[PDB]
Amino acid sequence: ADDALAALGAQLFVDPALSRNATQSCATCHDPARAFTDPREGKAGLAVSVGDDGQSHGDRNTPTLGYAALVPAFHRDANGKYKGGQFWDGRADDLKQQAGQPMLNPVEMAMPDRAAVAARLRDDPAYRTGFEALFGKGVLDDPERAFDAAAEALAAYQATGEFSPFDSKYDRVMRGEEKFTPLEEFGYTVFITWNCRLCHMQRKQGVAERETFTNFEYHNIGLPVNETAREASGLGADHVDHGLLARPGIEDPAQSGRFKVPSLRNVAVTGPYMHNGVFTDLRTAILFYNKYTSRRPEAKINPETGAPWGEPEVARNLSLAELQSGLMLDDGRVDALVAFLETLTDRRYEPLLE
């Protein structure tokens, strides 16, 4: 079961025969050497990825797959807050429901249908054998079972310790194996005392066993459009990304413009930032939060552009109670925060910290 299934998923993850022209695999955009994000330069920089056709750009930044297997399946909790799911807007329930979508997405891998997917699985004698042993004879001749089986293998593969190793410096410190530097510990202190702990921690209180620096909620933090990414996406200058409201089933206007709180793990190495890749620097992503609290002229200026942040793409449902903390992060706390975030880098991406 677990072992072979995930090994099957490991094969598929790197196989471009699941893209129309056979030019891309999950690995192309979710590059294991880049914490499962997209190193490839496009029209919009690294803000969005380019599909298999060599021309179609997405409208959202490719997130890491690291730690994604810790996110609960999509649900409304008893306080009425939506939590969990996959994609920035939560529209997939879980990893398995998410896995099939890039395959058939025309701006991504662009297979026409589950059948063409199954045909490709059939050309590979190794898939014949691998799939049959886990799901039974003739699985690949049925495009439905073939596609679900693939998706399940991918999901299993993402749930292996290899995607969520908890071997960051932060994990070592919480095991008492290492200490934080002064600046890092200042960072952690600031992070858990300032508004960050209100969205980027699993729990309200108590100690989380496998912290992934996200409560899995949806929040509109009031980000502007990324002009060039939106340009390259071709979705139009009229378009509004409504975030969670775009998940089918969600009708509630209060969800407009809300996006899933990303895990902050590996954040230091999966630039650029936010759902649209608008901020290239992590320092910027952190500064953005000062727009709600600081009264200083500079707090309204994105330091990457020299210009005003931009009005929010969605100027409704902003999480003001959380963002308007009444306190401003000075340079020092921002430094400390960057320091602390860098400690959430998995061991194997420690060399990338440059």
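Residue positions are given as counts along the sequence shown, with the first one as 1.
**Student:** Using only the Cα atoms and their B-factors as the entry lists them, report which of 223 to 231 and 266 to 274 averages higher.
**Tutor:** In the deposited entry, the stretch with the higher C-alpha B-factor mean is 223 to 231.
**Student:** Given the B-factors recorded for C-alpha atoms, which segment has the greater mean, 320 to 328 or 302 to 310?
**Tutor:** Mean B over CA atoms: larger for 302 to 310.
**Student:** Highest Cα temperature factor in the entry, among the options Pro165, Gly130, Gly176, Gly85: which one is it?
**Tutor:** Result of the comparison over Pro165, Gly130, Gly176, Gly85: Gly176.
**Student:** In the PDB entry, which of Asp89, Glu211, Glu217, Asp238 has its C-alpha at the highest B-factor?
**Tutor:** Going by the entry's C-alpha B-factors, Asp238 comes out highest.
**Student:** What third of the chain, by the recorded C-alpha B-factor, contains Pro125?
**Tutor:** Answer is highest: the recorded C-alpha B-factor places it there.
**Student:** C-alpha B factor of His30, ranked within the chain: lowest, middle or highest third?
**Tutor:** Its C-alpha B-factor, which the entry lists for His30, ranks in the lowest third among residues of this chain.
**Student:** Which third, lowest, middle or highest, does the CA B-factor of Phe135 fall in along this chain?
**Tutor:** Middle third - that is where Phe135 ends up once the chain's C-alpha B-factors are sorted.
**Student:** Among the modelled residues of this chain, does the Cα B factor of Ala4 put it in the lowest, middle or highest third?
**Tutor:** Within its chain, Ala4 is a highest-third residue by C-alpha B-factor, going by the deposited values.
**Student:** Should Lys204 be placed in the lowest, middle or highest third of its chain by the C-alpha B factor in the entry?
**Tutor:** Within its chain, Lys204 is a highest-third residue by C-alpha B-factor, going by the deposited values.
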